[PDB]
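Number of protein chains: 2
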Amino acid sequence: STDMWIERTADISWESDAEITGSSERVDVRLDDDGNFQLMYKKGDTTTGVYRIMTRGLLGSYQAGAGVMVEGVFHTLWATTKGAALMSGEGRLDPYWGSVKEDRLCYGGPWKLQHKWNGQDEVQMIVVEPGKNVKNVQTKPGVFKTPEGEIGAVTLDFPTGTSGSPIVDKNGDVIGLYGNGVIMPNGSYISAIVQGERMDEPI
Amino acid sequence: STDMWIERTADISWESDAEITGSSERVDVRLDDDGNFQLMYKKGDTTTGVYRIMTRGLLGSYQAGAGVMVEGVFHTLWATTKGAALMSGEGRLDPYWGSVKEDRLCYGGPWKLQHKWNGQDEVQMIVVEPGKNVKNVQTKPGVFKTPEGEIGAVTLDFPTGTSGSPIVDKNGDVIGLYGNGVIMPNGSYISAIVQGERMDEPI
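Each protein sequence line maps, in turn, to chains A and A'. A prime marks a further copy of an entry chain.
Heads up: the first sequence runs through residues 3 to 42, 71 to 233, numbered per the authors' numbering.
Heads up: the second sequence runs through residues 3 to 42, 71 to 233, numbered per the authors' numbering.
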C-alpha cells in the first residue's frame, strides 16, 4: 500500500538507428506464447532496465519521474520520489542511499553506476517522456560553467517527468541520469548529466 | 532572501488570433522612453497579469510553475511552491490561503477567482511553458469521470513547469488554472481546470 510504483519500459541499450538519424523509437518487443507482440513485505522486482516512476494523484495517476535499474538497484533523482517507497512487481523497494545536494537516490542497494562521459564522444538519452513512447536521442554533451565545478550537461529539453531517464554511451553503459534543467542567460534550458562515484556494500 | 520569485510575463486576455488559428504567440509589448520594444519587509508587486514562478537550484534557476495575479492576489497551484514565500519586485509575497486537496494556493489575499467554464464554449489557455514565449492556445474542455465528482479538464499536454497557467474565457476572465495532468486508459494525459469558489475578507 505504498504511494508510488515503478514500471519497466525499456532496455538499457545504445541504438544504432538513433546514431543514424538523431532520434529513434525503441523496439523492445515482448511476445506472448502464441507470438503476439507487446512493446514495453517482499523485495520488489529489480529486473535490469529503464523504468517509469508513477504515483497516484487526486484525479488519477501520473509519471513523477524516471529511473534505471542496474545490478538489482534502482537509481533515480532525489527530486523524483524524495525518498518514498516504491512498489515493483509483487514487492516493494525502500530507499537505501541518497543525496539532496547531488540530487541522487538509489533503492535496494548503494549506488552502482560507475561510468561517466569521456568529455568528447556523443551520448544517447533513453527518453522516458510522460505519455510518450520511449526513444533514444543522440546528443553531444558539454562542459559548462558552474559554481559546483565543471559538470557534463545536455541541451535537450523534456518535461520534468522525464527527469531521471538514463544517459548511455556507445557501450550501453549508463554514464549518468537526466536531471532537471536549469535556465541559461539566453532563456533556454540545460540539463546536467547527474552522476556520482560507485559506493560499495562492506561485509 | 526568499527562495522563490515571480516574474510577470503576459497580460490576461483572450486572443482573437488564437481563436483564428488555434494557437497564437502573445504580443504584449513594452517600450522604453525612445520607443524601443521589449516583450514580456515590503508587500511585493501585485500588478495584474500572468507570472512565471522561478526558484534557484544547485546549478542555476528554473521555472517551478506559473500563476496569475488578480485583484492584488497571486493565484497558483499548491504543488508549484508548496507554501514558499515569493519575491515580487521590491517586496515579498506570503501565502494567505491554500488547499492541498483542491491543489489551490493564493498569496496576498484570499481566493478571488470566481468565474468557471460554462461547459459548452471553447477556452484559451495562456501557456507559460518553461523556456518558451507565452502563447494563447484555444481548446475545448470536457467533463470527465472522476471520483471527485465531474470537473472540467483540457486535453493539452505541457511540462509541469506550465502548471498554474491561467485559463480564460472569451471575456478574458480566468475560469481556472492549468493543473498537473493525469494519465488516461489510452496513455495520454488530461489536465483539469483547477478552480474554486471566491472567498472573502471579512471586516
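Every residue gets a Cβ at the ideal spot worked out from N, C-alpha and C, and that includes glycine.
- If you keep only unbroken beta strand (DSSP E) runs of at least 3 residues inside the region 173-202 of chain A, you get 179-184 and 196-198.
- For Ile22 (chain A), there is no enclosing beta strand (DSSP E); the residue is found in the alpha helix (DSSP H) stretching over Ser18 to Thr23.
- At a cut-off of 9 Å, the C-beta of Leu89 (chain A) has a neighbouring C-beta in chain A'.
- Here DSSP, grouped into helix, strand and coil, assigns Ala109 (chain A) to helix.
- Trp7 (chain A) places its beta carbon less than 9 Å from that of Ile83 (chain A).
- Taking 9 Å as the cut-off, the beta carbon of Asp75 (chain A') is found no closer than this to the beta carbon of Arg28 (chain A').
- Approximately 6 Å separates the beta-carbon atoms of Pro171 (chain A) and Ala183 (chain A); this is inside 8 Å, confirming the contact.
- Taking 9 Å as the threshold, the shortest C-beta distance from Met117 (chain A) to chain A' does not fall below it.
- By the Cβ-count criterion, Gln225 (chain A') is buried, with 16 or more other Cβ atoms from all chains shown falling within 10 Å of its own Cβ.
- Closest in alpha carbon position to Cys136 (chain A'), among A':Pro177, A':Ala115 and A':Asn201, is A':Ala115.
- At a cut-off of 9 Å, the C-beta of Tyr92 (chain A) has a neighbouring C-beta in chain A'.
- The Cβ neighbour count for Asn166 (chain A), taken over all protein chains shown within 10 Å, is at least 16; the residue is labelled buried.
- Of the residues A:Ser91, A:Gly24, A:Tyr81 and A:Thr11, the one whose Cα lies closest to the Cα of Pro177 (chain A') is A:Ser91.
- For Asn148 (chain A), there is no enclosing beta strand (DSSP E), as DSSP gives it neither H nor E.
- Within the region 80-141 of chain A, the runs of alpha helix (DSSP H) that reach at least 4 residues and sit entirely inside it are, in chain order, 108-111.
- Residues of chain A' with a Cβ closer than 7 Å to the Cβ of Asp75 (chain A) do not exist, since the nearest Cβ in that chain sits about 21 Å away.
- Its chain contains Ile205, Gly206 and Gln225 as the residues whose beta carbon lies nearer than 7 Å to that of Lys146 (chain A), once the 5 sequence neighbours on both sides are disregarded; these appear in chain order.
- In the structure shown, the three-state DSSP call for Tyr219 (chain A) is strand.
- By the Cβ neighbour-count rule, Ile223 (chain A') is buried, with 16 or more other Cβ atoms within 10 Å of its own.
- Cα atoms of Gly24 (chain A') and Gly37 (chain A'): separation of roughly 31 Å, rounded to the nearest angstrom.
- Around the beta carbon of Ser218 (chain A), a 10 Å sphere encloses fewer than 16 other beta carbons of the protein chains shown; the residue is thus reported as exposed.
- Within 10 angstroms of the beta-carbon of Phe39 (chain A') lie fewer than 16 other beta-carbons, which makes it exposed.
- Within chain A', the C-beta atoms nearer than 7 Å to that of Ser218 (chain A) come from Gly161, in chain order.
- Distances from the alpha-carbon of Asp19 (chain A') to those of A':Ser193, A':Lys200, A':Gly95 and A':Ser129 put A':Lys200 closest.
- In the assembly as shown, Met99 (chain A) is a buried residue. Its beta-carbon has 16 or more other beta-carbons within 10 Å.
- A Cβ-Cβ distance of about 6 Å is found for the pair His105 (chain A') and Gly97 (chain A'), placing them in contact under the 8 Å criterion.
- A direct Cα-Cα distance of roughly 13 Å separates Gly119 (chain A') from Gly102 (chain A').
- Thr78 (chain A) carries a coil assignment under DSSP once its states are collapsed to helix, strand and coil.
- For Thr4 (chain A'), the closest C-alpha among the options A':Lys162, A':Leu33 and A':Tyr71 is that of A':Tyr71.
- A:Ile213 is the residue among A:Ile233, A:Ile213 and A:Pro232 whose C-alpha sits nearest the C-alpha of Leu89 (chain A').
- Between the C-alpha atoms of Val198 (chain A) and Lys112 (chain A') there is a straight-line separation of about 34 Å.
- Along the region 120-151 of chain A', going in chain order, the ones with a CB nearer than 8 Å to a CB of chain A are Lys131 and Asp133.
- Chain-order list of chain A' residues neighbouring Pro232 (chain A): empty, with the shortest C-beta distance near 29 Å, by a criterion of under 7 Å.
- When the Cα atoms are used, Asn216 (chain A') and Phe174 (chain A') turn out to be separated by approximately 14 Å.
- According to DSSP, residue pairing for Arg28 (chain A') in a beta bridge does not occur.
- Taking 9 Å as the threshold, the shortest C-beta distance from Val204 (chain A) to chain A' does not fall below it.
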